[PDB]
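> Below: one structure in structure tokens.
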Amino acid sequence: XXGXXXXXX
Amino acid sequence: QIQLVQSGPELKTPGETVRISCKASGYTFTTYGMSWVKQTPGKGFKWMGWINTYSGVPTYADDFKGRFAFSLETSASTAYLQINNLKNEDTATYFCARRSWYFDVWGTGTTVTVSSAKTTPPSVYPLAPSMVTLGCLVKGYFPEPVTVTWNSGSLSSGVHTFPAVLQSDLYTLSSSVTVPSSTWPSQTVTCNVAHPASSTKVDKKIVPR
Amino acid sequence: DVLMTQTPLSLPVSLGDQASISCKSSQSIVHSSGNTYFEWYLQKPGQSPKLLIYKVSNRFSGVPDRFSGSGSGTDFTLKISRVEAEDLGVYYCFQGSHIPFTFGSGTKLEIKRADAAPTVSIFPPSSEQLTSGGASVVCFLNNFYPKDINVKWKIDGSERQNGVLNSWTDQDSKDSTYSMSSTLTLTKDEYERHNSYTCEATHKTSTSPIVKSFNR
């Protein structure tokens with residue numbers, strides 16, 4: 001990602 | 001080119017420990033969280049939890065808090081799943097899958113079989129009689145699975161390998177292969193029956209009666 | 001946990017027709033963010049799952065437009081228009097909104113194709129098996145449709161029922177047919193006291209049974 005990590009940072 | 005390649009099948013007895021690996025290639029490992037999912041024929045898919053590959057922190061679903069551990073080796077783009085004090089019920093296919101807002105890439109799956117029963121290798125029997133059908137009957141083995149190939153995998157078309165059935169006589173399965181009649185017995189046809197559990201493979205060439 | 005209930009359990013659909021598979025969650029799967037992390041996966045026999053739809057209705061890269069998803073809150077439906085042979089498999093819904101993430105039990109998509117008569121082949125016991133004291137007669141009934149078939153074994157003309165083991169393959173991803181193995185296992189002692197072993201199959205493709213036999 002782009003993002004992710006279980007729903008954002 | 002993005003792939004999650006998992007370690008091979010394991011057979012353990014209750015109380016033992018096993019460690020499964022899931023190696024990512026084609027992308028930066030630390031950019032996607034990695035989940036572990038358990039699949040069994042009588043319960044379906046169960047999400048076990050996941051591990052944040054950047055922070056290294058694992059999250060376990062309640063049914064997997066205890067005997068299970070997720071870890072990483074980022075230099076090798078690998079996620080590990082260790083299961084301690086194995087139970088019969090841990091018998092399943094385990095998948096790692098990466099997740100951003102969905103599981104776009106799933107691992108190849110690792111089947112773990114846990115049994116206290118005596119391993120018994122397969123008796124493999126040849127099945128000989130424009131197209132001709134041949135086969136192999138595989139009996140008396142335990143536990144599952146057995147892998148069947150024809151000509152070490154080079155004969156893949158026209159093959160039917162049947163699901164195993166467990167009975168008093170333990171597991172039985174069969175496989176048929178159909179080839180042009182004019183090519184047998186002139187171009188040999190051999191079934192290879194592999195049973196990882198017993199560290200045995202039997203190759204039976206089918207010949208005319 | 002959020003229970004995911006799928007319907008139908010089995011879904012036979014003719015090639016070209018549309019198939020609709022649904023999933024109902026025990027509670028709302030709208031994530032705190034307002035997004036709904038709901039996906040549809042397809043798993044073929046002996047294969048890893050493949051993503052089809054994410055965030056309820058978004059087709060994942062590479063997914064045919066024949067696949068579409070809709071719904072909201074607790075009820076969702078995957079629609080597959082113009083069903084093709086390779087669509088065969090088990091479809092699963094999944095929610096990634098509430099921990100623990102959970103999957104539906106799966107819906108098996110059965111493809112309805114043109115009836116096909118089975119190709120039947122019978123095989124006698126191998127010498128290796130006879131040496132061990134057993135005697136299995138095997139009958140393969142291959143590439144037929146519909147799946148519905150009855151196999152009867154006869155020994156010297158008399159119906160025999162004990163000692164029969166049947167097994168069926170999953171539908172074929174290429175030709176959408178089914179295949180079946182029926183094995184009659186006797187002891188060598190009993191096998192050697194009889195002459196004719198017959199496998200006969202009743203299938204709608206034939207007014208009368210398809211008969212294959214082996215004589216000792």
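Naming scheme: A, B, ... for chains in displayed order of the structure tokens; residues 1 onward per chain; ligands 1 onward as shown.
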Could you tell me which residues of chain B sit within 9 Å of chain A when counting only C-alpha atoms, and give me the result as a ChimeraX atom specification?

/B:31-33,52-54,99-101

> For N, CA, C and O atoms, I'd like the residues from the last selection saved as a short mmCIF file (atom, residue, chain, number, x, y, z; two decimals), in the first residue's frame.


```cif
data_model
loop_
_atom_site.label_atom_id
_atom_site.label_comp_id
_atom_site.auth_asym_id
_atom_site.auth_seq_id
_atom_site.Cartn_x
_atom_site.Cartn_y
_atom_site.Cartn_z
N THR B 31 5.04 -4.27 3.40
CA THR B 31 3.98 -3.32 3.04
C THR B 31 2.56 -3.87 3.10
O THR B 31 1.60 -3.15 2.80
N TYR B 32 2.42 -5.15 3.43
CA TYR B 32 1.07 -5.74 3.54
C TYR B 32 1.00 -6.61 4.78
O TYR B 32 1.93 -7.39 5.04
N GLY B 33 -0.09 -6.49 5.54
CA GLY B 33 -0.28 -7.33 6.71
C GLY B 33 -0.47 -8.77 6.22
O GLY B 33 -0.96 -8.98 5.09
N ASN B 52 1.26 -7.76 11.65
CA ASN B 52 1.63 -6.53 10.96
C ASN B 52 3.11 -6.71 10.58
O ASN B 52 3.99 -6.88 11.45
N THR B 53 3.38 -6.70 9.28
CA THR B 53 4.74 -6.96 8.80
C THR B 53 5.71 -5.81 8.91
O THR B 53 6.89 -5.97 8.65
N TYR B 54 5.21 -4.64 9.27
CA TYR B 54 6.04 -3.46 9.43
C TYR B 54 6.43 -3.34 10.90
O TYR B 54 7.59 -3.14 11.24
N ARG B 99 -3.10 -8.91 3.03
CA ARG B 99 -4.32 -8.13 2.98
C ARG B 99 -4.12 -6.63 3.08
O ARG B 99 -3.48 -6.17 4.01
N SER B 100 -4.67 -5.89 2.11
CA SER B 100 -4.69 -4.42 2.14
C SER B 100 -6.16 -4.15 2.51
O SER B 100 -6.45 -3.93 3.67
N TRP B 101 -7.08 -4.16 1.54
CA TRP B 101 -8.51 -4.00 1.81
C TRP B 101 -9.23 -5.27 1.32
O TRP B 101 -10.46 -5.31 1.19
#
```

> Where does DSSP see helix (DSSP H, G or I) in region 23-214 of chain C, if you list the residues as a list in words?

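These are the residues in question: residues 85, 86, 87, 127, 128, 129, 130, 131, 188, 189, 190 and 191 of chain C.
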
> Could you state the separation of CA of residue 38 (chain B) and CA of residue 141 (chain B) in Å, given to one decimal place?

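Going from CA of residue 38 (chain B) over to CA of residue 141 (chain B) covers 25.3 Å.
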
> What is the distance between CA of residue 7 (chain C) and CA of residue 104 (chain C), in Å to one decimal?

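Going from CA of residue 7 (chain C) over to CA of residue 104 (chain C), I get 9.3 Å.
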
> Can you list every residue in region 34-205 of chain B that DSSP puts in strand (DSSP E or B), as number ranges by chain?

B: 34-40, 44-51, 58-60, 68-73, 78-83, 92-99, 105-106, 110-114, 120, 123-127, 131-142, 147-150, 155, 159-161, 165-167, 170-180, 190-195, 200-205

> Neighbours of residue 100 (chain C) within 9 Å (only C-alpha atoms; same-chain residues fewer than 4 positions away dropped), as number ranges by chain?

B: 47-49, 60-62; C: 1-2, 96

> With N, CA, C and O atoms retained, could you export that selection as a compact mmCIF listing (two decimals), in the first residue's frame?


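Once everything was written out, this is part.txt:
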```txt
# COMPACT_ATOMS: atom_id res chain seq x y z
N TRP B 47 -10.35 -17.71 10.14
CA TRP B 47 -9.28 -16.73 10.19
C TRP B 47 -8.64 -16.85 11.56
O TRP B 47 -9.31 -16.73 12.57
N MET B 48 -7.33 -17.10 11.59
CA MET B 48 -6.61 -17.29 12.85
C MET B 48 -6.05 -16.04 13.46
O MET B 48 -5.79 -15.98 14.65
N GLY B 49 -5.86 -15.03 12.62
CA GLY B 49 -5.28 -13.79 13.09
C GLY B 49 -4.35 -13.27 12.03
O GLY B 49 -4.38 -13.75 10.90
N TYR B 60 -3.99 -12.33 17.48
CA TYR B 60 -4.58 -13.66 17.41
C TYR B 60 -6.07 -13.68 17.65
O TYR B 60 -6.56 -13.02 18.57
N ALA B 61 -6.80 -14.40 16.80
CA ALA B 61 -8.24 -14.57 17.02
C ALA B 61 -8.31 -15.38 18.34
O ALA B 61 -7.43 -16.18 18.64
N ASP B 62 -9.35 -15.17 19.14
CA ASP B 62 -9.43 -15.88 20.43
C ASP B 62 -9.23 -17.37 20.42
O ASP B 62 -8.61 -17.89 21.35
N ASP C 1 -18.77 -13.81 17.50
CA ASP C 1 -18.26 -13.57 16.12
C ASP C 1 -19.42 -13.26 15.18
O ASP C 1 -20.57 -13.61 15.44
N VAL C 2 -19.10 -12.63 14.07
CA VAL C 2 -20.11 -12.33 13.09
C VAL C 2 -20.31 -13.58 12.28
O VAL C 2 -19.39 -14.06 11.61
N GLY C 96 -14.35 -8.47 6.59
CA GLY C 96 -13.11 -8.00 7.21
C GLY C 96 -13.34 -6.72 7.99
O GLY C 96 -12.44 -5.89 8.16
```

> Could the residues of chain B within 6 Å of chain C, counting only C-alpha atoms, be given as number ranges by chain, please?

B: 61, 104, 127, 129, 162

> Within 12 Å of residue 36 (chain B), counting only C-alpha atoms, which residues qualify if same-chain residues fewer than 3 places away don't, as a ChimeraX atom specification?

/B:4,6,20-22,33,39,45-52,58-61,64,68-71,79-83,93-99,103,106-110 /C:100-101

> Write out, as a compact mmCIF listing (two decimals), in the first residue's frame, the residues just selected, with N, CA and C atoms.


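The resulting again.txt:
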```
# COMPACT_ATOMS: atom_id res chain seq x y z
N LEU B 4 3.06 -15.99 -2.85
CA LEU B 4 3.26 -16.34 -1.44
C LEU B 4 3.45 -17.86 -1.51
N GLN B 6 4.33 -21.33 0.32
CA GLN B 6 4.39 -21.95 1.64
C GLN B 6 5.15 -23.27 1.67
N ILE B 20 5.41 -23.62 10.06
CA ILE B 20 5.11 -23.45 8.64
C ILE B 20 5.61 -22.11 8.16
N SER B 21 6.10 -22.05 6.93
CA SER B 21 6.59 -20.78 6.43
C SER B 21 5.79 -20.32 5.21
N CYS B 22 5.87 -19.02 4.96
CA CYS B 22 5.14 -18.39 3.87
C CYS B 22 6.06 -17.28 3.37
N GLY B 33 -0.09 -6.49 5.54
CA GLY B 33 -0.28 -7.33 6.71
C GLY B 33 -0.47 -8.77 6.22
N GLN B 39 -8.12 -24.09 7.00
CA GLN B 39 -9.24 -24.66 6.28
C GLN B 39 -9.38 -26.16 6.58
N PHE B 45 -13.39 -22.28 6.31
CA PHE B 45 -12.30 -21.33 6.58
C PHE B 45 -12.47 -20.63 7.91
N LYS B 46 -11.39 -20.58 8.65
CA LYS B 46 -11.34 -19.91 9.94
C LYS B 46 -10.12 -19.00 9.96
N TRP B 47 -10.35 -17.71 10.14
CA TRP B 47 -9.28 -16.73 10.19
C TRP B 47 -8.64 -16.85 11.56
N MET B 48 -7.33 -17.10 11.59
CA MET B 48 -6.61 -17.29 12.85
C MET B 48 -6.05 -16.04 13.46
N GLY B 49 -5.86 -15.03 12.62
CA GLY B 49 -5.28 -13.79 13.09
C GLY B 49 -4.35 -13.27 12.03
N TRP B 50 -3.51 -12.30 12.38
CA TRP B 50 -2.62 -11.73 11.37
C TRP B 50 -1.42 -11.13 12.03
N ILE B 51 -0.42 -10.77 11.22
CA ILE B 51 0.73 -10.11 11.80
C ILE B 51 1.06 -8.88 10.95
N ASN B 52 1.26 -7.76 11.65
CA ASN B 52 1.63 -6.53 10.96
C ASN B 52 3.11 -6.71 10.58
N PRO B 58 1.78 -9.30 16.29
CA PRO B 58 0.77 -10.30 15.91
C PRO B 58 -0.57 -10.06 16.61
N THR B 59 -1.64 -10.48 15.95
CA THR B 59 -2.98 -10.37 16.52
C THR B 59 -3.60 -11.73 16.37
N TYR B 60 -3.99 -12.33 17.48
CA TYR B 60 -4.58 -13.66 17.41
C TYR B 60 -6.07 -13.68 17.65
N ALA B 61 -6.80 -14.40 16.80
CA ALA B 61 -8.24 -14.57 17.02
C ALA B 61 -8.31 -15.38 18.34
N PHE B 64 -7.30 -18.98 18.78
CA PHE B 64 -5.90 -19.28 18.48
C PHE B 64 -4.93 -18.51 19.37
N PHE B 68 -0.47 -21.01 19.47
CA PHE B 68 -0.08 -20.53 18.15
C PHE B 68 0.77 -19.28 18.23
N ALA B 69 1.73 -19.17 17.32
CA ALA B 69 2.59 -18.00 17.29
C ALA B 69 2.90 -17.57 15.85
N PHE B 70 2.74 -16.28 15.57
CA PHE B 70 3.10 -15.77 14.25
C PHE B 70 4.38 -14.98 14.44
N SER B 71 5.32 -15.14 13.52
CA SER B 71 6.56 -14.41 13.60
C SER B 71 7.01 -14.08 12.19
N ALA B 79 6.97 -15.12 6.54
CA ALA B 79 6.10 -15.10 7.71
C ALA B 79 6.07 -16.57 8.17
N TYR B 80 6.11 -16.78 9.48
CA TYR B 80 6.06 -18.12 10.06
C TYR B 80 4.84 -18.32 10.95
N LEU B 81 4.35 -19.56 10.95
CA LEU B 81 3.23 -19.91 11.81
C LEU B 81 3.74 -21.13 12.58
N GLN B 82 3.81 -21.02 13.90
CA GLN B 82 4.24 -22.15 14.71
C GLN B 82 3.07 -22.59 15.54
N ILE B 83 2.85 -23.90 15.61
CA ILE B 83 1.75 -24.43 16.41
C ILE B 83 2.39 -25.39 17.39
N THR B 93 -5.60 -27.44 6.28
CA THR B 93 -4.71 -26.81 5.32
C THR B 93 -4.62 -25.39 5.84
N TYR B 94 -3.39 -24.90 6.00
CA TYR B 94 -3.18 -23.55 6.48
C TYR B 94 -2.68 -22.66 5.34
N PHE B 95 -3.31 -21.50 5.20
CA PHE B 95 -2.93 -20.54 4.17
C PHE B 95 -2.45 -19.24 4.78
N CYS B 96 -1.44 -18.60 4.17
CA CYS B 96 -1.13 -17.25 4.61
C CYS B 96 -1.81 -16.48 3.44
N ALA B 97 -2.21 -15.24 3.67
CA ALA B 97 -2.80 -14.43 2.61
C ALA B 97 -2.46 -13.00 3.01
N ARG B 98 -2.07 -12.18 2.05
CA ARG B 98 -1.75 -10.79 2.37
C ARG B 98 -3.03 -9.98 2.26
N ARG B 99 -3.10 -8.91 3.03
CA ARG B 99 -4.32 -8.13 2.98
C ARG B 99 -4.12 -6.63 3.08
N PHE B 103 -7.98 -9.86 0.36
CA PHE B 103 -6.89 -10.83 0.24
C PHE B 103 -6.67 -11.02 -1.25
N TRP B 106 -3.10 -15.15 -2.14
CA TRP B 106 -3.15 -16.26 -1.18
C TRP B 106 -1.98 -17.17 -1.40
N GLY B 107 -1.49 -17.75 -0.30
CA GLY B 107 -0.37 -18.66 -0.37
C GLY B 107 -0.85 -19.96 -0.96
N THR B 108 0.11 -20.85 -1.16
CA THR B 108 -0.15 -22.13 -1.77
C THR B 108 -0.79 -23.12 -0.81
N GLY B 109 -0.84 -22.76 0.48
CA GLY B 109 -1.42 -23.67 1.47
C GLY B 109 -0.45 -24.76 1.93
N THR B 110 -0.52 -25.10 3.20
CA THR B 110 0.33 -26.15 3.77
C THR B 110 -0.59 -27.09 4.51
N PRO C 100 -13.14 -11.23 15.15
CA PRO C 100 -12.33 -11.92 14.12
C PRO C 100 -12.97 -11.90 12.74
N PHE C 101 -12.17 -11.76 11.68
CA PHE C 101 -12.77 -11.78 10.35
C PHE C 101 -13.39 -13.15 10.21
```

> Rank C:131, C:58, C:63, C:98 by their smallest atom-to-atom distance to chain A, using only C-alpha atoms, and report the top residue only.

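Of C:131, C:58, C:63, C:98, the one nearest chain A, counting only C-alpha atoms, is C:98.
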
> Have a look at B:150, B:208, B:171, B:19 and name the one nearest to residue 186 (chain B); count only C-alpha atoms.

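Smallest separation from residue 186 (chain B) among the options: B:208.
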
> So what do you get for CA of residue 102 (chain B) versus CA of residue 8 (chain B), distance-wise?

25.4 Å

> Taking into account only C-alpha atoms, which residue in the set C:32, C:185, C:25, C:18 is nearest to chain A?

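Result for the nearest residue to chain A: C:32.
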